[PDB]
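Enquirer: Output the structure for:
(2 chains, ligands or ions: 3)
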Number of protein chains: 2
Amino acid sequence: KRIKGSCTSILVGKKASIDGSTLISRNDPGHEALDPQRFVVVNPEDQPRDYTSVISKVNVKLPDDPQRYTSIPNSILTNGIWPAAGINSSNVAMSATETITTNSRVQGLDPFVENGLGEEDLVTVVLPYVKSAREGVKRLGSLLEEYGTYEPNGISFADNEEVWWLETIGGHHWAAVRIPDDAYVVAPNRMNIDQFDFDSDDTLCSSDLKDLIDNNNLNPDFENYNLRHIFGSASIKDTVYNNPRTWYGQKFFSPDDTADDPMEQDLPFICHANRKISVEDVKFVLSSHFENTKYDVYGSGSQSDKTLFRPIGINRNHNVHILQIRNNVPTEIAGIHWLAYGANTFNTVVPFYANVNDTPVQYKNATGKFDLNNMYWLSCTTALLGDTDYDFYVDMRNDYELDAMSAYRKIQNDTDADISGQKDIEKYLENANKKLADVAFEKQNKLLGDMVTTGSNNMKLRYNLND
Amino acid sequence: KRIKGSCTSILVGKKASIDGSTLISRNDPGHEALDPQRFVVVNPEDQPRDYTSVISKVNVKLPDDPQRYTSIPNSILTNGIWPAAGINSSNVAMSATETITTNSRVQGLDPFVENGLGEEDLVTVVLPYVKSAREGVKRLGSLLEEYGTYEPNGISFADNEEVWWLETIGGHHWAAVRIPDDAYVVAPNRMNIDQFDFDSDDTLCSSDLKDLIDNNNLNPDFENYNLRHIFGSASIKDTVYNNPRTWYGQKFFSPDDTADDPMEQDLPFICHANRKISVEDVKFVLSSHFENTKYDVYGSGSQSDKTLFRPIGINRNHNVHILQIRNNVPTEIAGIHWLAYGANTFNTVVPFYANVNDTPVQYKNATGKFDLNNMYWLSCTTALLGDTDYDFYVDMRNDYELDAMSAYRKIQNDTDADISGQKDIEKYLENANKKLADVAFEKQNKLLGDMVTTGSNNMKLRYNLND
Ligand SMILES: [Co+2]
Ligand SMILES: [Co+2]
Ligand SMILES: [Co+2]
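Expert: Numbering: from 1, shown residues only, chains lettered A, B, ... in the order given. Ligands and ions are numbered 1, 2, ... in the order given. Dropping the coordinates below:
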């Protein structure tokens, strides 16, 4: 047995969002436990042409024309801080942090390959060599066929037009679905793809997948093809660890199409919300642990409805990551990395422009010993002070996030609105990303001050007396 | 009154399964507690021609042409280790470990015969002399009429075409139903056969059964014949000990045709699933404790709608045995003994080929004192280590079972795919069986290492903390 944790992905098609962007997202648990959030640029320079896989050490030959891409690194690993997600210079987004499920019937036919690729390799070997989400699908599929994989994975791709969800199937097979423009998906650590039309333009798969199913008695259904019925799981672990997370998201976006059983094994894959979806919505769902009277995590009653469902995106590590490819803006400022910051219950997402060659100084320094001029330690301070009397800080937490998002959006809007006469767009965007980093810091500083100010004024008469 | 245990049987017709096989199954009563369980081949020589019944010592003369059959034994008795189930060289499967019920009106007419056959005799005196599921039914019926029985029993027979369920009735009578091709049955320790057509090609019974009923006011119903209404029980014990097990299986396979009362006395015998049934499905149901939200064994809060409704297969004594006769392959490799291994919450089923003259060296040795090279002792260790922190080990346990099953199926598929050019099929299958026993061992060995490794690092920062 080995490594890896719990993740929830939300995909939004370009007509399903409030601003016409595509959205792919994820929340992330860490394995060891320090979470300084960094984002990194990988220039064609730094891209290997003879790549060696992280766990398996197999050697992979990569094309010689890699695109610059921005990367979001991860946990403790067995070989270097591999990219979990990213946006390349063609505005293609990819995220490969969603472990899914399988079953023993297909594994008996196409087993995990112990010397295969793992999810740690996927962004590196796919993202720099494709100019569309759909190319991302075909290239990854072709690489699974060639090198195999030792894991069950779900991978999201997006560009300004399309969103694709790819699922690996056994050691070498795969299947993928184009999310409709007006649709959204909530996907936990369980194989998600349901009804599947091999003919469709909206689908892609191993060229032998249908024959693989038909010739080996893999299909449990009397009619049609449901890929997660065929290749996935419907286990006991799913009902408490995966399905309630799907259910919760679908209850939020589609309250009138979603019944009341968080354990349901056949919640639809593709959904239609009753309204357009914002970045704030996605952030909330990826942050929120089922909270209305039902399933806190936790407080006032019940706990006969509790302890045994799985919180999102809290257990914790709490990093929400949202990749947005916008429309109706010049293509050079379209790619946005909404990066987590962080941390505890005081996390926000900061909208960095992805189209840059260098990063704000904060994300290459240390992050050595405690220093309140450093964003990490300031966050840790705010985090720790937060659990003092935490529902004395619950209402100033919501104001903090609101006020910080507001400040981030002001910068994004001002930057977008003044793009037209700029002679150096890349430096222009570097400067915006540095304004964002600065206000993210200033906001948490204002937060530390407000907590201490009102805390010292409450602790003062939690000690009881006088007029 | 005297000996015996709790059993649940599941029967699947050849069009009801995912792979075109017939399935008969049972989970296994603990006798006392010796649960290293054997796999045994019985050659025609070792078959008595003058058989002596186990308890009653009555003498039964058997034909002189017995077929080779594989047998699955037990522990404690007053005489030996009788075969509970088996597959013969004609690919007929039989299982006789399902005690049922009766009533005083039929017993008042045809009492149990104190010196008759009991379930310990049935496989031995039926299986070696029949070439079809249906012949097994006719022979058992004839043997009950002749020697009588002291018990109420349910017996399943299968070949590659048909599945039959026979129920003994009083001292000498019996009735049997052919399970339809597209149907399945969940049958606990209660007389199961309901609506009954004497005329039918799909039924067999005592030639006087209808007359017995009509002439003795045995029929409680205004119209037609329901055999368990007439001959069986609808008792208080049935509502908590039998019916919930039936209900649970029917909820799992036929969720939209099954209501929500587990105590229901009139759940149908024959059922139609909403999907095709896998070996994995059958294993899960025969293993599973009634879970989720309502009634575990045991759990959530608060424990009186959580009950005297009892777990199958937790009492505990979890040996799942599935007899499969495949179609889809040559007849020489069609009979599969899915055998338990085992044990505690750490059991899997291994698909041993039944068409062999010898058994893996595993099931011929001692079974002496503690030795970690022995499958039994290795199993006890992982089992005991399992109840330290039982849901620190539950998620690596679901992966253990999944991963072992996959490795088994890989071997099964490879063995099957290369059968046509084999010159010594018997030696070929013995070798495959030895691969299976080995990998099952190897897989349990890897589990011990993984359990100890993760255990050694979690209880170790019961430090209560810090990096
Ligand atoms: Co067509
Ligand atoms: Co350009
Ligand atoms: Co039918």
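Enquirer: Residue A:24 contacts residue A:323, correct?
Expert: Yes: look at residue A:24 against residue A:323 with Cβ atoms under 8 Å: they come within range, at 4.9 Å. Heads up, the C-betas are built off the backbone N, CA and C, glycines and all.
Enquirer: what touches both of the two?
Expert: Shared contacts of residue A:24 and residue A:323 (Cβ atoms under 8 Å, 6 or more residues apart in numbering or on different chains): A:93, A:95, A:158.
Enquirer: In a strand, the second one, correct?
Expert: Read that as residue A:95. Yes: according to DSSP: H, G, I helix; E, B strand; the rest coil, residue A:95 belongs to a strand.
Enquirer: Distance of it relative to chain B?
Expert: The gap separating residue A:95 from chain B is 24 Å, by Cβ to the nearest Cβ, to the nearest Å.
Enquirer: Show me what the one helix or strand residue A:237 maps to is packed up against.
Expert: Using DSSP states H and E, the element containing residue A:237 is helix A:236-241. Under the contact criterion of 3 or more Cβ pairs under 8 Å, 6 or more residues apart in numbering or on different chains; DSSP states H and E, helix A:236-241 touches helix B:395-417.
Enquirer: Report the secondary structure state of whichever residue of the stretch 101-250 of chain A sits closest to ligand 3.
Expert: Ligand 3 sits closest to residue A:222 of the stretch 101-250 of chain A, with a gap of 12.4 Å, by Cβ to the ion. State at residue A:222, reduced to three classes by three-state DSSP: coil.
Enquirer: Tell me how many other residues crowd it.
Expert: Counted by other Cβ atoms under 10 Å in any protein chain shown, the residues lying close to residue A:222 total 10.
Enquirer: Settle this for me: it is touching residue B:182, isn't it.
Expert: No: using Cβ under 8 Å, residue A:222 is not in contact with residue B:182, being 9.5 Å away.
Enquirer: could you list every residue that touches the residue nearest the centre of chain A?
Expert: Closest residue to the average C-alpha location of chain A: residue A:26 at 1.5 Å, with Cα atoms, centre = their mean. For residue A:26, the contact set (Cβ under 8 Å, 6+ apart) comprises A:7-9, A:84-85, A:95, A:97-98, A:156, A:286, A:320-321.
Enquirer: what's the answer for residue A:358, then?
Expert: So residue A:358 contacts A:41, A:430 (Cβ under 8 Å, 6+ apart).
Enquirer: and it, how far is that from ligand 3?
Expert: Counting by Cβ to the ion, to the nearest Å, the gap from residue A:358 to ligand 3 is 69 Å.
Enquirer: re the thing from before, tell me if I am right that the residue nearest to the centre of chain A is in a strand.
Expert: Yes: Residue A:26 forms part of a strand when assessed by three-state DSSP.
Enquirer: And it, how far from chain B?
Expert: Using Cβ to the nearest Cβ, one gets 21 Å for the distance from residue A:26 to chain B.
Enquirer: and what of residue A:112?
Expert: Here residue A:112 is placed at a distance of 8 Å from chain B (Cβ to the nearest Cβ).
Enquirer: Same question for residue A:167.
Expert: 17 Å.
Enquirer: With residue A:100 instead?
Expert: Using Cβ to the nearest Cβ, residue A:100 is found at 13 Å from chain B.
Enquirer: Kindly report the same for residue A:299.
Expert: Note on residue A:299: its distance to chain B, by Cβ to the nearest Cβ, is 16 Å.
Enquirer: three-state assignment of that residue?
Expert: Under three-state DSSP, the three-state class of residue A:299 is coil.
Enquirer: Show me what the helix or strand hosting residue A:120 is packed against.
Expert: Using DSSP H and E, residue A:120 sits in helix A:119-126. Secondary-structure packing of helix A:119-126 (3+ Cβ pairs under 8 Å, 6+ apart): strand A:50-52, strand A:93-99, helix A:133-147, strand A:153-158.
Enquirer: Can I get these in JSON lines including mean neighbour count?
Expert: Below are the helices and strands packed on helix A:119-126 laid out as JSON lines (neighbours: other Cβ atoms under 10 Å in any protein chain shown):
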{"stretch": "strand A:50-52", "mean neighbour count": "12"}
{"stretch": "strand A:93-99", "mean neighbour count": "26"}
{"stretch": "helix A:133-147", "mean neighbour count": "20"}
{"stretch": "strand A:153-158", "mean neighbour count": "28"}
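Enquirer: Ok, which of the ones you listed comes nearest residue B:355?
Expert: Among the helices and strands packed on helix A:119-126, helix A:133-147 comes nearest to residue B:355, with 36.5 Å by Cβ to Cβ.
Enquirer: contacting residues around that closest one?
Expert: For helix A:133-147, contacts defined as Cβ under 8 Å, 6+ apart pick out A:53, A:58, A:60, A:92-94, A:113, A:116-117, A:122, A:125-127, A:129-130, A:155, A:157-159, A:161-164, A:166, A:168, A:172-174, A:176, A:178, A:204-206.
Enquirer: Can you select the buried ones among those residues for me in ChimeraX?
Expert: Buried residues within these, by 16 or more other Cβ atoms under 10 Å in any protein chain shown, are selected in ChimeraX with:
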select /A:53,58,60,92,93,94,113,116,117,122,125,126,127,129,130,155,157,158,159,162,163,164,166,168,172,173,174,176,178,204,205,206
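Enquirer: Keep only the contacts of helix A:133-147 that also lie close to ligand 3.
Expert: With Cβ under 5 Å from the ion as the criterion, the contacts of helix A:133-147 include none near ligand 3.
Enquirer: where along chain A do the helices fall?
Expert: For chain A, the helices defined by DSSP state H cover A:104-107, A:119-126, A:133-147, A:209-214, A:227-231, A:236-241, A:243-253, A:279-287, A:375-386, A:395-417, A:425-458.
Enquirer: Tell me which other helices or strands the fourth one touches.
Expert: Contact analysis of helix A:209-214 by 3+ Cβ pairs under 8 Å, 6+ apart lists strand A:173-178 as its packing neighbours.
Enquirer: Show me what the strand it packs on pairs with in its sheet, parallel or antiparallel.
Expert: Partner strands for strand A:173-178, per DSSP bridges, with pairing direction: strand A:163-169 (antiparallel), strand A:203-205 (antiparallel).
Enquirer: Centre of the chain to the helix holding residue A:237, how far?
Expert: Average the C-alpha atoms of helix A:236-241, do the same for its chain, and the two points are 21 Å apart (Cα atoms, centre = their mean, to the nearest Å).
Enquirer: swap in stretch A:319-333?
Expert: Counting by Cα atoms, centre = their mean, stretch A:319-333 comes out at 14 Å from the chain centroid.
Enquirer: go on, stretch A:410-430?
Expert: From the chain centre to the centre of stretch A:410-430 is a distance of 26 Å (Cα atoms, centre = their mean).
Enquirer: burial count for residue A:391?
Expert: Here the number of neighbours of residue A:391 (other Cβ under 10 Å) works out to 8.
Enquirer: so how far is residue A:299 from it?
Expert: Distance, residue A:391 to residue A:299, using Cβ to Cβ, to the nearest Å: 8 Å.
Enquirer: Not counting its own residues, what contacts the helix holding residue A:120?
Expert: Residues outside helix A:119-126 that contact it (Cβ under 8 Å, 6+ apart) are A:4, A:47, A:51, A:53-55, A:60, A:62, A:69, A:71, A:77, A:79, A:82-86, A:94-97, A:99, A:117, A:136, A:139-140, A:143, A:151, A:153, A:155.
Enquirer: Same question for stretch A:107-116.
Expert: Contacts for stretch A:107-116 (Cβ under 8 Å, 6+ apart): A:56, A:58, A:147-151, A:169-173, A:212, A:216, A:218, B:402, B:405-410, B:412-413.
Enquirer: I am finished for the moment; much appreciated.
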